[PDB]
Ligand SMILES: *[C@@H]1O[C@H](CO)[C@@H](O[C@@H]2O[C@H](CO)[C@@H](O[C@@H]3O[C@H](CO[C@H]4O[C@H](CO)[C@@H](O)[C@H](O[C@H]5O[C@H](CO)[C@@H](O)[C@H](O)[C@@H]5O)[C@@H]4O)[C@@H](O)[C@H](O[C@H]4O[C@H](CO)[C@@H](O)[C@H](O)[C@@H]4O[C@H]4O[C@H](CO)[C@@H](O)[C@H](O)[C@@H]4O[C@H]4O[C@H](CO)[C@@H](O)[C@H](O)[C@@H]4O)[C@@H]3O)[C@H](O)[C@H]2NC(C)=O)[C@H](O)[C@H]1NC(C)=O
Ligand SMILES: *[C@@H]1O[C@H](CO)[C@@H](O[C@@H]2O[C@H](CO)[C@@H](O[C@@H]3O[C@H](CO)[C@@H](O)[C@H](O)[C@@H]3O)[C@H](O)[C@H]2NC(C)=O)[C@H](O)[C@H]1NC(C)=O
Ligand SMILES: *[C@@H]1O[C@H](CO)[C@@H](O[C@@H]2O[C@H](CO)[C@@H](O)[C@H](O)[C@H]2NC(C)=O)[C@H](O)[C@H]1NC(C)=O
Ligand SMILES: *[C@@H]1O[C@H](CO)[C@@H](O[C@@H]2O[C@H](CO)[C@@H](O)[C@H](O)[C@H]2NC(C)=O)[C@H](O)[C@H]1NC(C)=O
Ligand SMILES: *[C@@H]1O[C@H](CO)[C@@H](O[C@@H]2O[C@H](CO)[C@@H](O)[C@H](O)[C@H]2NC(C)=O)[C@H](O)[C@H]1NC(C)=O
Ligand SMILES: *[C@@H]1O[C@H](CO)[C@@H](O[C@@H]2O[C@H](CO)[C@@H](O)[C@H](O)[C@H]2NC(C)=O)[C@H](O)[C@H]1NC(C)=O
Ligand SMILES: *[C@@H]1O[C@H](CO)[C@@H](O[C@@H]2O[C@H](CO)[C@@H](O)[C@H](O)[C@H]2NC(C)=O)[C@H](O)[C@H]1NC(C)=O
Ligand SMILES: *[C@@H]1O[C@H](CO)[C@@H](O[C@@H]2O[C@H](CO)[C@@H](O)[C@H](O)[C@H]2NC(C)=O)[C@H](O)[C@H]1NC(C)=O
Ligand SMILES: *[C@@H]1O[C@H](CO)[C@@H](O[C@@H]2O[C@H](CO)[C@@H](O)[C@H](O)[C@H]2NC(C)=O)[C@H](O)[C@H]1NC(C)=O
Ligand SMILES: *[C@@H]1O[C@H](CO)[C@@H](O[C@@H]2O[C@H](CO)[C@@H](O)[C@H](O)[C@H]2NC(C)=O)[C@H](O)[C@H]1NC(C)=O
Ligand SMILES: *[C@@H]1O[C@H](CO)[C@@H](O[C@@H]2O[C@H](CO)[C@@H](O)[C@H](O)[C@H]2NC(C)=O)[C@H](O)[C@H]1NC(C)=O
Ligand SMILES: *[C@@H]1O[C@H](CO)[C@@H](O[C@@H]2O[C@H](CO)[C@@H](O)[C@H](O)[C@H]2NC(C)=O)[C@H](O)[C@H]1NC(C)=O
Ligand SMILES: *[C@@H]1O[C@H](CO)[C@@H](O)[C@H](O)[C@H]1NC(C)=O
Ligand SMILES: *[C@@H]1O[C@H](CO)[C@@H](O)[C@H](O)[C@H]1NC(C)=O
Ligand SMILES: *[C@@H]1O[C@H](CO)[C@@H](O)[C@H](O)[C@H]1NC(C)=O
Ligand SMILES: *[C@@H]1O[C@H](CO)[C@@H](O)[C@H](O)[C@H]1NC(C)=O
Ligand SMILES: *[C@@H]1O[C@H](CO)[C@@H](O)[C@H](O)[C@H]1NC(C)=O
Ligand SMILES: *[C@@H]1O[C@H](CO)[C@@H](O)[C@H](O)[C@H]1NC(C)=O
Ligand SMILES: *[C@@H]1O[C@H](CO)[C@@H](O)[C@H](O)[C@H]1NC(C)=O
Ligand SMILES: *[C@@H]1O[C@H](CO)[C@@H](O)[C@H](O)[C@H]1NC(C)=O
Ligand SMILES: *[C@@H]1O[C@H](CO)[C@@H](O)[C@H](O)[C@H]1NC(C)=O
Ligand SMILES: *[C@@H]1O[C@H](CO)[C@@H](O)[C@H](O)[C@H]1NC(C)=O
Ligand SMILES: *[C@@H]1O[C@H](CO)[C@@H](O)[C@H](O)[C@H]1NC(C)=O
Ligand SMILES: *[C@@H]1O[C@H](CO)[C@@H](O)[C@H](O)[C@H]1NC(C)=O
Ligand SMILES: *[C@@H]1O[C@H](CO)[C@@H](O)[C@H](O)[C@H]1NC(C)=O
Ligand SMILES: *[C@@H]1O[C@H](CO)[C@@H](O)[C@H](O)[C@H]1NC(C)=O
Ligand SMILES: *[C@@H]1O[C@H](CO)[C@@H](O)[C@H](O)[C@H]1NC(C)=O
Ligand SMILES: *[C@@H]1O[C@H](CO)[C@@H](O)[C@H](O)[C@H]1NC(C)=O
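Residue numbers (the authors' numbering), protein chains in the order written: chain N, 519 to 556, 564 to 661; chain M, 519 to 556, 564 to 661; chain B, 519 to 556, 564 to 661; chain A, 31 to 136, 136A, 137 to 188, 190 to 309, 312 to 321, 321A, 322 to 355, 357 to 405, 412 to 414, 414A, 415 to 459, 459A to 459B, 460 to 507; chain F, 191 to 243.
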């Protein structure tokens, strides 16, 4: 098994079996402890910076949840929807991707159309539900 | 074709087709950036007024998430529960509602029944799967 | 009909139909109000504890969501996955548990096998979902 | 059997002990009076008019005093409120100069309305005319003021005095527009936690409680401060309670809680006059100018027979923990001013009431009744203006003079005791108790003795017969 | 003579580094709140605005 970020350089396919370890560590941390011992410990410089950490912790988790909340499969690790490729964001075939290209490098290639990917993905989830309302 | 709050004045029927555009902007905002330049930079009133802004952003959004969680409609822009309207809250026929009854004044008409609809829906979800936990 | 936390001492089987009462009061309290009436009230020692109070409310509720998110039972109250229970944590029969032993005692009774179990659920969810991608 | 599968729940009523942080919640009616109070300032969230007292019957939880974490948080809160309530106020650093005092001569009244017939206030105050600068720092002027003897000490060279505090700290005077009125405070936990209240009547201090009642948050808590006797407390309902973690141990205090109240009646019958003298740029000083008219030491009146009845009751209750001993009371045996006194603040003025004759008794077997008729008990009480409510954690403070007449009644709940050591054969089957003592925390542990913060863990888990369906 | 305000309260001398020039400010609400702006021209104190954006 692998630990935190234990396969960031491994191939696409072999890095698809270590997703669960990183999902868990996205909020768990030592910041939960208030202080070793609680003058004015509330406004102490070591206290004002710690509070900033806790707020940044939830906002970083909430950011991912909100996007994954809208895409219609909240509460799952892996998930596929019904948006077919236009095949111009990445014109590479299957085995050429999942075998020998890596995750870190792959994001750079597609990082140029994500703002046009997140929006189009959300509309599909909304579109599916509209057809369902007038179905039954 | 409509921006933020674009169709808030439009009729019931044509307003639903712009629910997503008013949903992507519940957390994203100007607060993402740090500052013009990072005295009491962390202790100025805007050093705490900004912090008060961030904590209200997550709390106000995530409050809505709580009600979506219980009703089972998590991860769905449009949901479909099984609470039968008993015509007591409002007995306008379906045509009279979705034709030219605009959104902003719709649920103000039902405003005396929010405190009970938000409770009866929770029970309906609870009774659905208690039958399921002893059926599988 | 019960009150909040009103059946903790009751038997587990008869306390399995009042969970919505507890689940409905994780955030909805009194902290949501800003102040009774507005010289920089945001820095008074009384006013500096709401920040500790407010961020503790969310940071305690999110931990619940994170575990519910991964297990696939997100957006439900009484869910149930398909991971076997090999009885090494508790080998008591069906009737010996549900009807007679209370909730608090049961939680204490397996409090030392939780961390192993919490890791088992997520892995069961993940590898199950890998089948789906390897199915179509 | 083979069909036992994990079934995660959500919303299970399961709690585990922990420690959290609370916040003030003042009463709606008791707030918004343009008072600018110290404890329950305007920053408190309005309370819930309809608190829920949800009765978890069928259960048991282990409470504990002397370890309830809530006392520390609210003690720190009181300290912080007291400290910040003096920051906007003015300092008194130009006053640390030598004084040229003189014992008082005045053409005051002689009728004195001598009903108390205890004593007029000669030698209790000193006419001291010092000499400090005006707004322009190059000019100094002679101003006279009246100070109590407790605020004045002599270093050397008799007929030349000085302020007491000027070798330890500087005491900012209270801003005259803020009062010390004890407003009820409701401590409320953030959403996600809960507060458990042991509802038993005859509740002894520690140990399990089998009648737990849960509330969203506690009732009003009086932030009143006192040294030798509890003031305006909450009476117990069952009977008189004697609270101690180790009655055998004598290293600590003993909290006595009553179920029948006793009313105290203490007042200051003489006027002082408020005259303001500037000291520098934008800094003003309020001094007792010259007393006129009635002159009498501030005294407290207490119904004697009620005191005798309460003493009989508490002796009867302590008669079970010391089955054969003889119980008697003695005045405080010495130490600093507060313990050797009765300390309580009313209407912006601090009092130090002797209260010696309240602790002079010896109860042997309750064989003979202390049959006497109703005579009110009158006890002297000095007045001090340079206050130090805490040793070194708080800020030394100088209450401004208050003019007119001060008359407030308190209505007493709790008494602080302390056992005394001894030998096995040397003792004459006798144990003596002395009142006084106890820190500020000992006052609050007599009120927060029923609540314990808990944290909710709504993640339940238990085997069932489910099996999640597969997707084809 | 003496200073008029040296006796009533305390007076400070502003450091020359800080400038009193009014720089334009844009007030902006946290995410989850909208600002309504009436674009009607002849709009006095109150009254409904039917041109708000
Ligand atoms: C245990 O519980 C016991 C039961 O409650 C409790 O006993 C009660 O204690 C409270 C203490 O607050 C008592 O209430 C006070 O009574 C005061 C009596 O004052 C006498 O002398 C005055 C002259 O100085 C007279 O004017 C006055 O006549 C009238 O005054 C009141 C008018 O409403 C009224 O209460 C009187 O009965 C009478 O009708 C009386 O003869 C009273 O003065 C005091 O009022 C102050 O507090 C009010 C509430 O905040 C304010 O609304 C009011 O304006 C007063 O505040 C002013 O003074 C404060 C400093 O003292 C300032 O902080 C305020 O800002 C305000 O200041 C203005 O006025 C100043 C001049 O006074 C001026 O200098 C300032 O610049 C500013 O302009 C209050 O009502 C109550 O009577 C007690 N109960 C009984 C039955 O007697 C006991 O205390 C508890 N135990 C402990 C330890 O606390
Ligand atoms: C509270 O009042 C009591 C009186 O009821 C005070 O007790 C008396 O205090 C004075 C001095 O303050 C004592 O005077 C001298 O005391 C010495 C002590 O050894 C004694 O030997 C001398 O003969 C002389 O009397 C007095 O004895 C003492 N007791 C009585 C019955 O008068 C008490 O001091 C007052 N409280 C405080 C804090 O002062
Ligand atoms: C405001 O109401 C007017 C009512 O006339 C709407 O105008 C009509 O809109 C519907 C649907 O868009 C059309 O079918 C009609 O032909 C329109 N009639 C006229 C006379 O304009 C108008 O669209 C509404 N505002 C918005 C933003 O939809
Ligand atoms: C406390 O626990 C006892 C233990 O059983 C409960 O006693 C039962 O209560 C039910 C309630 O209707 C009765 O039907 C049973 O006959 C009682 N006895 C037994 C042996 O089950 C008691 O009800 C519990 N109290 C609460 C408030 O839950
Ligand atoms: C306290 O001392 C002051 C002065 O130290 C006394 O004030 C004096 O009063 C007499 C009588 O009218 C005047 O002639 C003096 O000029 C005053 N001295 C001043 C103003 O410095 C005051 O009377 C004394 N009070 C008491 C009670 O002894
Ligand atoms: C306030 O002014 C009086 C009047 O001058 C001072 O009293 C005398 O001051 C001189 C000046 O040093 C001394 O030499 C005298 O010894 C003082 N008189 C006495 C009887 O001692 C007074 O000292 C001034 N106040 C203070 C605090 O010094
Ligand atoms: C737990 O304590 C409560 C006290 O709040 C008890 O409830 C009271 O019982 C007495 C019995 O005579 C009634 O007169 C009161 O009306 C009840 N309510 C109150 C608010 O006092 C309760 O009985 C106790 N538990 C048990 C098992 O006896
Ligand atoms: C207040 O508490 C005292 C004792 O703490 C009660 O006095 C006892 O009352 C019971 C019942 O009335 C008697 O059996 C005892 O004999 C009393 N004690 C003594 C020493 O005589 C008193 O009754 C309580 N007050 C109220 C109103 O209940
Ligand atoms: C508290 O004490 C004061 C004075 O010690 C009491 O005031 C007296 O009240 C009686 C009757 O009301 C009058 O006859 C006296 O003239 C008052 N004396 C003074 C000095 O004011 C007051 O009544 C006491 N409080 C209570 C509740 O009894
Ligand atoms: C002090 O308290 C006692 C009782 O605690 C009071 O005595 C009672 O007084 C009332 C009316 O004055 C009588 O009806 C009772 O019969 C008395 N009972 C006893 C046991 O004496 C006494 O009056 C109080 N003192 C004052 C000054 O009010
Ligand atoms: C002070 O002690 C007395 C002793 O009884 C309390 O007086 C009673 O208070 C309640 C609450 O309003 C009233 O219903 C009673 O009528 C009062 N007694 C009398 C004889 O009238 C008083 O409550 C105590 N002080 C506080 C702040 O609770
Ligand atoms: C500060 O000084 C000014 C003037 O030197 C004071 O203003 C005058 O004060 C006198 C009383 O001493 C009044 O009779 C005049 O009417 C005031 N002038 C005006 C224009 O009204 C001022 O009061 C002083 N303030 C302090 C705090 O010392
Ligand atoms: C590819 O995506 C772009 C948007 O980034 C879209 O405009 C285009 O139509 C897509 N390609 C095809 C063939 O539809
Ligand atoms: C996969 O990429 C590596 C270099 O990263 C390359 O050597 C290899 O030939 C690639 N595989 C194919 C089939 O092109
Ligand atoms: C409909 O449900 C509401 C729930 O708030 C209830 O008040 C009302 O009486 C119900 N009417 C009927 C006819 O059941
Ligand atoms: C339908 O609603 C209208 C207005 O709310 C009311 O006047 C009418 O009586 C209702 N009809 C029925 C059958 O309840
Ligand atoms: C459960 O295990 C314990 C010891 O591991 C044993 O004593 C008990 O009999 C077992 N019970 C069942 C029902 O298997
Ligand atoms: C129920 O549990 C109690 C102890 O919690 C035990 O004494 C009793 O035998 C149990 N009864 C059954 C039927 O399991
Ligand atoms: C868990 O740890 C405790 C702590 O010592 C130990 O006593 C216990 O046997 C372990 N197992 C269980 C089931 O409690
Ligand atoms: C039963 O499950 C536990 C997981 O906590 C595991 O440690 C143990 O080895 C399992 N027993 C068997 C026989 O597989
Ligand atoms: C002040 O009182 C004391 C003690 O009674 C006395 O010795 C002194 O002489 C008095 N003052 C004057 C100025 O005499
Ligand atoms: C009052 O004070 C004077 C001193 O000013 C003193 O001589 C007298 O003894 C005191 N008592 C009476 C009753 O006058
Ligand atoms: C508390 O008092 C009860 C009353 O009888 C007694 O049984 C118990 O031993 C006491 N507990 C402690 C810890 O002193
Ligand atoms: C106390 O009140 C005023 C204030 O100085 C005073 O004039 C009056 O004479 C005194 N009261 C009495 C009853 O003499
Ligand atoms: C109370 O008792 C003491 C002695 O026990 C006695 O001297 C005193 O007079 C009694 N109280 C009253 C008011 O008589
Ligand atoms: C009260 O008076 C003195 C105070 O110290 C003390 O010696 C005495 O024993 C006490 N009791 C009586 C009845 O005087
Ligand atoms: C009080 O003392 C005794 C005992 O009760 C009694 O004889 C006496 O007359 C009483 N005093 C008065 C003034 O009534
Ligand atoms: C309504 O608001 C728009 C905003 O640009 C403005 O141009 C227009 O003149 C206003 N009035 C009408 C009638 O559109």
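The C-beta atom is built at its ideal place from N, Cα and C for all residues, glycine as well.
For the putative contact between residue i and residue j, defined by C-beta atoms under 8 Å, what is the C-beta separation to the nearest angstrom?
{"i": "residue 655 of chain M", "j": "residue 535 of chain B", "result": "7 Å"}
{"i": "residue 60 of chain A", "j": "residue 546 of chain B", "result": "Actually they do not touch by this definition, with Cβ atoms about 25 Å apart."}
In three-state DSSP terms, what is residue i?
{"i": "residue 421 of chain A", "result": "strand"}
{"i": "residue 430 of chain A", "result": "coil"}
{"i": "residue 658 of chain M", "result": "helix"}
{"i": "residue 474 of chain A", "result": "coil"}
{"i": "residue 594 of chain M", "result": "helix"}
{"i": "residue 205 of chain A", "result": "coil"}
Can you grab the Cα-Cα spacing for the pair residue i / residue j, in whole Å?
{"i": "residue 638 of chain N", "j": "residue 624 of chain N", "result": "23 Å"}
{"i": "residue 278 of chain A", "j": "residue 650 of chain M", "result": "58 Å"}
{"i": "residue 657 of chain B", "j": "residue 633 of chain N", "result": "28 Å"}
{"i": "residue 371 of chain A", "j": "residue 176 of chain A", "result": "23 Å"}
{"i": "residue 621 of chain N", "j": "residue 530 of chain N", "result": "10 Å"}
{"i": "residue 291 of chain A", "j": "residue 347 of chain A", "result": "17 Å"}
{"i": "residue 542 of chain N", "j": "residue 576 of chain M", "result": "27 Å"}
**OP:** Specify which residues have a beta carbon nearer than 6 Å to any heavy atom of ligand 26, listing them in chain order.
**Re:** A:363, A:392
Original post:
Between the stretch 592-608 of chain B and chain M, which residues of the former have CB atoms less than 9 Å from a CB of the latter, in chain order?
Top reply: 593, 599, 600, 601, 602, 603, 604, 605
**OP:** Name all residues in chain order for which at least one heavy atom of ligand 23 lies closer than 6 Å to the residue's CB.
**Re:** A:234, A:236, A:237
Original post:
What residues in the stretch 523-548 of chain M have a beta carbon less than 9 Å from any beta carbon of chain N?
Top reply: Answer in chain order: 534, 535, 537, 538, 541, 542, 544, 545, 546.
Original post:
Pick out every residue whose C-beta is nearer than 7 Å to a heavy atom of ligand 1: which are they, in chain order?
Top reply: A:63, A:65, A:66, A:206, A:207, A:208, A:209, A:211, A:212, A:254, A:261, A:262, A:376, A:377, A:378, A:379, A:380, A:439, A:440, A:441, A:442, A:444, A:445, A:446, A:447, A:448
Original post:
What residues from the stretch 580-592 of chain B come within 9 Å of chain M, judged by C-beta to C-beta, listed N to C?
Top reply: Cβ contacts with chain M come from 580, 582, 583, 586, 587, 590.
Subject >> Near-chain B residues of the stretch 236-254 of chain A - C-beta to any C-beta below 9 Å >> reply: 242, 244, 246, 247
Subject >> By C-beta, the residues closer than 5 Å to any heavy atom of ligand 12, given in chain order >> reply: F:197, F:198
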